[PDB]
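The chain contents come next:
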Amino acid sequence: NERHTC
Amino acid sequence: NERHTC
Amino acid sequence: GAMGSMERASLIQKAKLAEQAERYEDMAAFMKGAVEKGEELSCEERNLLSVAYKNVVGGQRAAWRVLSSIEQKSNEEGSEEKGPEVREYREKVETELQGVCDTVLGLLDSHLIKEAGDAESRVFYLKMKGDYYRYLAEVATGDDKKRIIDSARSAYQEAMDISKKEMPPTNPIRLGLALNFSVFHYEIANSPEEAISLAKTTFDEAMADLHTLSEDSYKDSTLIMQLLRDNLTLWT
Amino acid sequence: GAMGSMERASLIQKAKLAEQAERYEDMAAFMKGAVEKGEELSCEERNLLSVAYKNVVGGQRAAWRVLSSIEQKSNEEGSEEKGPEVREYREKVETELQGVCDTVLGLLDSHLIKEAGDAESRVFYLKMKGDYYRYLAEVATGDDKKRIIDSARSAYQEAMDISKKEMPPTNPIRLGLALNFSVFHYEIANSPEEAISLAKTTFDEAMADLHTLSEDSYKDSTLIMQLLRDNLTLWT
Ligand SMILES: [Mg+2]
Ligand SMILES: [Mg+2]
Ligand SMILES: [Mg+2]
Ligand SMILES: [Mg+2]
Ligand SMILES: [Mg+2]
Ligand SMILES: [Mg+2]
Ligand SMILES: [Mg+2]
Ligand SMILES: [Mg+2]
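Note on numbering: residues are counted from 1 along each chain in the order of its written sequence, which can differ from the entry, and residues with no coordinates are hidden. For this description, chains carry letters from A and ligands carry numbers from 1, given in the order in which they are written. Calculation of side-chain values draws on the structure's entire complement of heavy atoms; hydrogens and water are dropped beforehand. Residues with missing side-chain atoms are left out of burial classes, side-chain pairs and their counts.

Per the PDB record, this model was obtained through X-ray crystallography at a reported resolution of 1.40 Å.

The name given to chain C in the PDB entry is 14-3-3 protein sigma, with the source organism recorded as Homo sapiens. According to its PDB record, this entry is titled "Binary structure of 14-3-3s and PKR phosphopeptide". Of chain C, the UniProt comment under Sequence similarities reads exactly: "Belongs to the 14-3-3 family." UniProt positions are given in the numbering used here, feature names are shortened, and annotations may be inferred rather than shown by experiment.

This is the structure in structure tokens:
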């Protein structure tokens with residue numbers, strides 16, 4: 001999966 | 001479900 | 001036309017890139033620019049035009065339905081008064097949606113339909129004319145509602161007449177036209193029996209012609225037949 | 001300002017309707033209009049502003065990445081020459097994206113940040129400043145790339161300094177700031193070890209403070225902690 005940002 | 005159109 | 005300085009082939013290339021990027025507003029503007037070059041559209045180009053505008057207007061219609069439902073709830077008894085904002089914003093979205101439909105109908109009238117002589121192009125564009133008058137009918141509430149509905153009906157009927165004379169019953173354009181005209185009958189024209197009859201006859205006549213098809217054509221036709229069957233199951 | 005004639009409360013109401021309708025461009029324009037009224041924003045209003053622009057710029061960034069990847073493939077050996085169109089369209093999307101980032105940064109500079117005195121508002125806006133400079137850095141290739149990166153770093157660093165002094169380690173703004181500053185280190189600043197250290201320390205310090213929280217606050221904090229853990233798992 002891809003890294004999270006918020 | 002809902003009716004289909006195309 | 002802001003696309004007037006771009007080459008036709010470059011507009012088509014950019015429309016395909018916009019599709020890949022899910023930039024459907026851009027895709028529609030590129031294809032509008034391509035239509036306005038004045039040359040007829042190939043089959044692939046017609047489908048780029050329809051995909052672009054179907055996605056743009058599909059988002060507007062979904063937003064309109066959300067706002068219309070909130071507006072309807074605000075008008076139920078015991079609902080607290082919240083001011084003009086819901087109606088105003090629903091009207092703003094509605095006006096934008098009508099603008100896109102008018103743009104598509106204008107491209108068809110100037111001058112795609114009058115130059116379309118082959119059955120595949122003429123039926124395709126008349127289906128589009130019926131579809132976009134149908135989207136206008138979804139939001140119409142005034143003195144022209146009946147004429148808008150009749151404009152959709154008339155376009156669909158001409159497309160049906162040509163498709164039955166010139167196309168096999170498995171042709172995907174013919175099938176999709178019937179699917180949409182059936183939905184028109186069900187939910188616009190208050191004719192559910194006509195909607196059911198059209199979907200059933202269309203499905204059954206396509207069934208009987210599948211034996212003539214290659215494997216790839218069979219896949220194309222059966223996919224749309226399943227949409228007709230789904231609608232029939234929902235409605236019966 | 002095209003929203004200059006609309007009441008502040010009506011802009012906020014319409015922003016919430018636009019969110020429900022998934023009309024994020026409208027939502028952003030309504031919230032820009034609300035900011036330009038000149039009053040400070042409540043917590044709920046700050047989150048409407050951020051949700052609106054995050055969705056707008058998120059779509060632009062995804063489209064930019066699709067087009068940039070196609071452009072990179074076109075420049076590999078053995079690739080057929082297709083003309084300037086891919087670069088042109090990537091540049092068009094890029095310019096639009098930079099315009100939205102500049103709009104957000106302009107709202108922060110005129111005058112949201114200078115009036116924000118409480119830790120929750122100031123940290124929130126400085127995180128936003130870091131985020132939008134980071135999105136500019138994603139597309140930067142020229143002489144200002146280093147200054148764009150340093151502007152993002154500086155904004156994040158000020159937000160971190162305030163958050164560590166004024167907020168508990170479980171505060172969701174503090175956690176989300178750390179999540180994003182960690183990603184900045186990993187993929188913008190070429191500092192994966194700093195990214196991993198920041199995510200790990202942030203997670204561990206939040207863990208140790210969960211015992212102080214209500215059930216609802218625990219849910220809020222643990223959700224963001226799971227994002228930090230997911231990044232750590234991806235990176236190690
Ligand atoms: Mg030419
Ligand atoms: Mg009451
Ligand atoms: Mg109206
Ligand atoms: Mg012709
Ligand atoms: Mg006022
Ligand atoms: Mg070659
Ligand atoms: Mg550029
Ligand atoms: Mg203040």
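What follows concerns the relation of the copies chain C and chain D. In screw terms, the move from chain C to chain D is a rotation of 180° and a rise of 0.0 Å along the axis, fitting with an RMSD of 0.0 Å. Here the transformation between the copies is reduced to the relation of a two-fold axis. Considering only C-alpha atoms, the residue of chain C closest to the rotation axis is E25(C), which sits at 6.2 Å. Least-squares superposition on C-alpha atoms places the copies onto one another.

Right, let's talk about the packing of helix α7 (residues 172-187) of chain D against helix α8 (residues 192-207) of chain D for a bit. All names here are of chain D. Structural elements are reduced to axes, namely lines fitted to C-alpha atoms, with helices fitted over the stretch in contact, and the angle between N-to-C directions of any two is expressed from 0 to 180 degrees. By definition, any uninterrupted DSSP run of H or I lasting at least four residues is a helix, any uninterrupted run of E lasting at least two residues is a strand, and each is numbered from the N terminus. Put simply, α7 and α8 touch, their axes get as near as 7 Å, and they point 165° apart. In terms of axis orientation, α7 runs roughly antiparallel to α8. When you trace α7 past α8, the crossing you get is left-handed. For the pair α7 and α8, the contacting residues are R174, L175, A178, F181, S182, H185 and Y186 in the first and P192, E194, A195, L198, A199, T202, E205 and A206 in the second. Only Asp, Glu, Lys and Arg are considered charged in this grouping, and only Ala, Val, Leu, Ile, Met, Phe, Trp, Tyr, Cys and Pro are considered nonpolar; every other residue, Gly among them, is considered polar. Partitioned by chemical class, the residues of the contact of α7 with α8 number nine nonpolar, three polar and three charged. Here roughly perpendicular refers to angles of 65 to 115 degrees, roughly parallel to angles under 35, roughly antiparallel to angles over 145, and oblique to all remaining angles. The hand of a helix crossing depends on one turn: near helix anticlockwise from the far one by less than a right angle means left-handed, and clockwise means right-handed. Contacts: residue pairs with any heavy atoms within 4.5 Å of one another.

Turning next to α8(D). Residues and elements named next belong to chain D. A rise of 1.5 Å per residue sets the reference length of α8, with its 16 residues, at 22 Å; its end C-alpha atoms lie 22 Å apart and thus fit the reference within 8%. Working definition: with a 1.4 Å probe on protein chains only, accessible area under 20% of the residue-type maximum means buried, over 50% means exposed, and in between means partly exposed. Taken together, the buried positions of α8 are occupied by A195, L198, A199, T202, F203 and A206. Across the axial projection of α8, the buried residues extend over an arc of 120°, all falling on one side. Those residues of α8 that are buried lie in contact with α6 (145-166), α7 and α9 (215-235). Expected span, for any helix, means 1.5 Å times one less than how many residues it has. Summarising the geometry, the arc corresponds to the directions from the helix axis toward the C-beta atoms.

Before going further, it helps to spend a moment on the pattern of salt bridges. For this analysis, a salt bridge means a side-chain nitrogen from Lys or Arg found within 4 Å of a carboxyl oxygen belonging to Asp or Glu. By the definition in use, this model includes 40 salt bridges over all chains. Two residues, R3(B) and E187(C), come together in a salt bridge whose shortest N-O distance is 2.8 Å. For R3(B), a relative accessible area of 12% puts it in the buried group. Of the charged contacts, one joins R23(C) and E96(D) as a salt bridge, the two residues approaching to 2.9 Å between their closest N and O atoms. Here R23(C) is found in the loop between α1 (8-20) and α2 (24-35), whereas its partner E96(D) is found in helix α4 (residues 85-115) on a different chain. Connected via shared salt-bridge partners are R23(C), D26(C), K92(D) and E96(D).

Let us now look at the packing of aromatic side chains. Side-chain rings of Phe, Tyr and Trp (the six-membered ring for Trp) are treated as a pair once their centres are within 6.5 Å; stacked means planes under 30 degrees apart, edge-to-face means over 60, and tilted covers the remaining angles. Evaluated as defined, the whole model comprises 14 aromatic pairs over all chains. Measuring from centroid to centroid gives 5.4 Å for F30(C) and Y89(D), while their planes differ by 80°, and the two rings are edge-to-face. Of this pair, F30(C) sits in helix α2 while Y89(D) is found in helix α4, placing the two residues in two different chains. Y89(D) carries the same exposure label as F30(C), and that label is buried.

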